[PDB]
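Heads up, the thing below is written out as structure tokens.
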Amino acid sequence: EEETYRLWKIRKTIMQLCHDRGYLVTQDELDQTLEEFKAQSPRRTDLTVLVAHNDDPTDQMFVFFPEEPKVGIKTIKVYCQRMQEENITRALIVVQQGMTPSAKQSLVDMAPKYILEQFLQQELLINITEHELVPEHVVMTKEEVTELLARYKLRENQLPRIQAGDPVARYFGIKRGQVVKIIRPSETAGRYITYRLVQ
Amino acid sequence: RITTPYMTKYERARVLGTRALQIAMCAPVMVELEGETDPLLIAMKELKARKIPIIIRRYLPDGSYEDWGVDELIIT
Amino acid sequence: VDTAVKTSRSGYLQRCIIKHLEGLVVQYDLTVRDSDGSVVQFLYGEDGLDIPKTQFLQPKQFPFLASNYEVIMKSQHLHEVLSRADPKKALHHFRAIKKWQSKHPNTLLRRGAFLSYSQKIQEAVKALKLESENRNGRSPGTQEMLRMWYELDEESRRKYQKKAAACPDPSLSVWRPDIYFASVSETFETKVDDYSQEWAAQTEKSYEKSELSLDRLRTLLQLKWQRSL
Amino acid sequence: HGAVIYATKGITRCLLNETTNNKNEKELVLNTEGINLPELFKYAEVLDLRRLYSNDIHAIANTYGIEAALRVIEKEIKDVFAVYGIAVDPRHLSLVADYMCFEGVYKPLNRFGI
Amino acid sequence: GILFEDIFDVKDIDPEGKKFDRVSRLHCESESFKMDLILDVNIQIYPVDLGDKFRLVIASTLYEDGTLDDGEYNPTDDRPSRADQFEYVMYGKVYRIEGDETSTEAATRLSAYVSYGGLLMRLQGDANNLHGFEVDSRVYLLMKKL
């Protein structure tokens, strides 16, 4: 019954990850304890969640928990079919051992039609975003980046870079070309604000 | 129009240097010198009286510039 | 034998750092930028402020600056700079920040509009959602909340948003610490508040006449900050 | 000799340095002499995984990101200078760490960084 | 122009143990007032011992006729009626007045710290009779054994 503890931690972390992306999540899911998780729900196909977005109610996300410890191209297709038929665009695949290396470039191959993304199970046992040293990241909107570049007379290159595989760019699901504001809690100035272009 | 109103120390240094190099090349002194042979003392005397017709052209990191007057600049 | 070996080791390390960091200069916008135009920092050490002029801006020295208010104001700052300096834009920002932090004591509590519309939690758990299963993995009782919130709420007056909005961004970020009076760092204004509260409660029992007021000491400290930039 | 029964990858030994604080003396620390960040994530109820620290700066930069490696760089330089009583101002280490981690990776300040 | 006058008696010659060369710190205690006095006195010029009395006065002027002092020292002054009934005269300034610690109690006692160049004195007692003092005020400490 440690499998259940792992399932509960991963589900709580994914609920927090979905709330930080701006999806409609209730307080109970974010404050759900183990005794009630196991009360509700055992399997790995009824842990799949489907969440809606604050705006764009059609824009929803779908979280998978594949059974195969090493997901492959066929496993990816089997529920890319589910997504294509239910009419969703985004997904999130929590894998237990990894993805066979061809799969990673397949997930990338699926054009903005159906954009997927993978997360290891050991990466979700804790919320890195809740570490002391990790600042708060905020994906800037297309109209705030323009005002930033205009205030500092900048170009989008010539800005600090954040890797597209950064453990906190993968969590906040930030695509390439997006600028993220970062609020460092500084011992010197309190709440220093920086900006990083995702690339 | 958006940069600091005061005159940085580097600007004071360069303005004094240039005014002194001008005075030394036989330029008219608008400060009524009183027996001093140093052009840098004369340049300081002029800076204190707010008589220096030079235009500090502050360059921003993208090529854009702002032209300030040495008179319209708070000397500390 | 050891002193000789150490000089070679340290000198090589200085050359490497010097060769890389040599072109990083503070600019008119107050940003430390490289010669390429690249922005390493947006304020020099997270707050402008030169390490030399920040020695007495340390709580433990307002006691000294207070004692020498008249010379520090007359000889350096001048009463005039206080006359030419206006703080409304920055002062209002700090009031907004203070109000926000007053309404949110725990700043790591997952603020959200919909999350804020979980206070009916008991309203739903009582009798409403008692009959369902995990339809799409969420819950039997979460779907009732989703339905009540989604479109069964006011069009433009479902303003749980304001109760759940971000803290105003720091003043140095928006209000240009150099040309904007009273725009200081969030850690300096806290120190100034603490000292003003511990100094208005010393004048009361002082047996020496103080001709300085908490709100002239505040302007003194704000000018001495704005000038150490 | 090089045949080991079983070991967590990267960890060579742990040890609980009982006291680390006088203010709240009650603190206990599980120091280690190896580095494997994920192999501690399983004990989020035994140990505090926020407050986790390592001197690696490449492992932190891979589990928490680059903005979290900046502060590890700064704290490492500060603790290196502290053993001799020297104290460089934080405004200098901030600039050094911001330059090193400018372009998303922990880049060395050497011949291959140019 | 007197701010305080009393007859003390030396109780301790130097309790703290810090010992300077020509200076001795006397711990006295007034009579009929029960005021306390800590006094650094130059004992090479003016030897003092235990169980010794002395009349002590603090003033703001030496003329005892109203005219203020000018802050200038002339050894040639022609007004020679300045207080000379006193053997040891000093001249310092008060640098600290601090009401006593006790709260919830009357505790309307004050400690006045005076510096005489480098020789400190502390007068502690009922505030009622230490009102003439104020920080940064120049005062003369006249003394005369008995």
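So you can find residues: chains in the structure tokens are A, B, ... in the order shown, residues in each start at 1, and ligands are numbered from 1 in order.
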Return as JSON lines the residues of chain B lying at most 12 Å from chain A, together with the closest atom-to-atom pair for each and the distance in Å to one decimal, counting only C-alpha atoms, with rows in chain order and ascending residue number.
```
{"residue": "B:2", "atom": "CA", "partner": "A:151", "partner_atom": "CA", "distance": 10.7}
{"residue": "B:60", "atom": "CA", "partner": "A:153", "partner_atom": "CA", "distance": 8.7}
{"residue": "B:61", "atom": "CA", "partner": "A:153", "partner_atom": "CA", "distance": 8.1}
{"residue": "B:62", "atom": "CA", "partner": "A:153", "partner_atom": "CA", "distance": 6.7}
{"residue": "B:63", "atom": "CA", "partner": "A:153", "partner_atom": "CA", "distance": 9.7}
{"residue": "B:64", "atom": "CA", "partner": "A:153", "partner_atom": "CA", "distance": 8.9}
{"residue": "B:65", "atom": "CA", "partner": "A:153", "partner_atom": "CA", "distance": 11.8}
```
Could you dump the residues just selected with C-alpha atoms as a PDB file, in the first residue's frame?
```
ATOM      1  CA  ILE B   2      13.455  60.207 -18.518  1.00  0.00           C
ATOM      2  CA  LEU B  60      21.114  54.794 -24.251  1.00  0.00           C
ATOM      3  CA  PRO B  61      22.202  51.204 -24.940  1.00  0.00           C
ATOM      4  CA  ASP B  62      20.221  51.051 -28.209  1.00  0.00           C
ATOM      5  CA  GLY B  63      21.613  54.197 -29.897  1.00  0.00           C
ATOM      6  CA  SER B  64      18.825  56.504 -28.758  1.00  0.00           C
ATOM      7  CA  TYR B  65      20.186  59.658 -27.030  1.00  0.00           C
TER       8      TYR B  65
END
```
Task: Residues flagged strand (DSSP E) by DSSP in region 17-153 of chain C, as JSON, numbers by chain - done: {"C": [25, 26, 32, 33, 39, 40, 41]}
Open item on the list: Can you tell me which residues surround region 92-103 of chain E at a distance of at most 9 Å, considering only C-alpha atoms, apart from same-chain residues fewer than 4 positions away, and format the answer as a list in words?
Closed with: residues 205, 206, 207 and 208 of chain C; 107, 108, 109, 110, 111, 112, 113, 114, 115, 116, 117, 119, 120, 124, 127, 133, 134, 135, 136, 137, 138, 139, 140 and 141 of chain E
Open item on the list: Select, as a ChimeraX atom specification, those residues of chain C with any atom no more than 7 Å from chain B (distances computed using only C-alpha atoms).
Closed with: /C:28-29,37,178-179
- [ ] Rounded to one decimal place, report the CA of residue 179 (chain A)-CA of residue 196 (chain A) distance in Å.
- [x]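 CA of residue 196 (chain A) lies at a distance of 5.5 Å from CA of residue 179 (chain A).
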Open item on the list: From the options E:32, E:53, E:91, E:144, which residue's atoms come nearest to residue 69 (chain E), counting only C-alpha atoms?
Closed with: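 Checking each of E:32, E:53, E:91, E:144 against residue 69 (chain E), counting only C-alpha atoms, the winner is E:91.
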